[PDB]
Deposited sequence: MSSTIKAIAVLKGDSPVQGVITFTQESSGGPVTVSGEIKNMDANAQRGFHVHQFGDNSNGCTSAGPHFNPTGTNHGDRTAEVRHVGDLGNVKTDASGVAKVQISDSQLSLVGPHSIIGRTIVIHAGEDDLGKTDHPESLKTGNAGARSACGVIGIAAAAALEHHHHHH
């Protein structure tokens, strides 16, 4: 099973992310025009609504009704993919295998939005009021609706 998203937003950041699944989902692709040598929050948001740009994507995809965390944490939203790393050229070469994402069933991310943020995800580990909501990762630099691919 395959899905894909084309990310764009109110910023120069752009990329293409693929999702494949036989089991874990493999997330891959390149996101460009980001800050160099950085860590940036990467999350599946609930709605595939791009009518108000990335803002209409809503909160993190959270079908289990829990709080925000790192991708590897015990407590995390299904949509929490942690921070991705950019190189000196501002490119994030995304490569993630995640067992909470799915492309089928009740936890499917098809028709939702993948978002790359302007800041680092704080992993739900601060006293900031957005920490347990979103990781306080700042603006949504780019996003794309997750669609079924061939």
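Could you list, start to end, the deposited-sequence stretches with no C-alpha atoms? Holes in the chain trace, numbered from 1: 1-4, 27-29, 158-168.
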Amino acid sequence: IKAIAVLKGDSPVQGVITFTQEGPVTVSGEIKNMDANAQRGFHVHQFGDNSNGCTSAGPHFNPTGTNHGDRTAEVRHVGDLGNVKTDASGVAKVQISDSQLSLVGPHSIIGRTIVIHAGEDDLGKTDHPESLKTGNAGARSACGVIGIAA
From here on, numbers count along this sequence of modelled residues.
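Using only the Cα atoms and their B-factors as the entry lists them, report which of 48-56 and 113-121 averages higher. It is 48-56 that shows the higher mean C-alpha B-factor.
When the C-alpha temperature factors are averaged for each of 78-86 and 27-35, which stretch ends up with the higher value in the entry? Between 78-86 and 27-35, it is 27-35.
Using the B-factors in the PDB entry, rank residue 69's C-alpha atom against the chain and give the third, lowest, middle or highest. Its C-alpha B-factor, which the entry lists for residue 69, ranks in the lowest third among residues of this chain.
Entry-reported Cα temperature factor of residue 17, expressed as the chain third it lands in: Within its chain, residue 17 is a middle-third residue by C-alpha B-factor, going by the deposited values.
Ranked C-alpha temperature factor of residue 3 among modelled chain residues, by third: Its C-alpha B-factor, which the entry lists for residue 3, ranks in the middle third among residues of this chain.
Going by the recorded CA B-factors, say which third of the chain residue 142 sits in, lowest, middle or highest. According to the entry, residue 142 has a C-alpha B-factor in the chain's lowest third.
Against its chain's modelled residues, does residue 62's Cα B factor rank lowest, middle or highest third? Bottom third by C-alpha B-factor.
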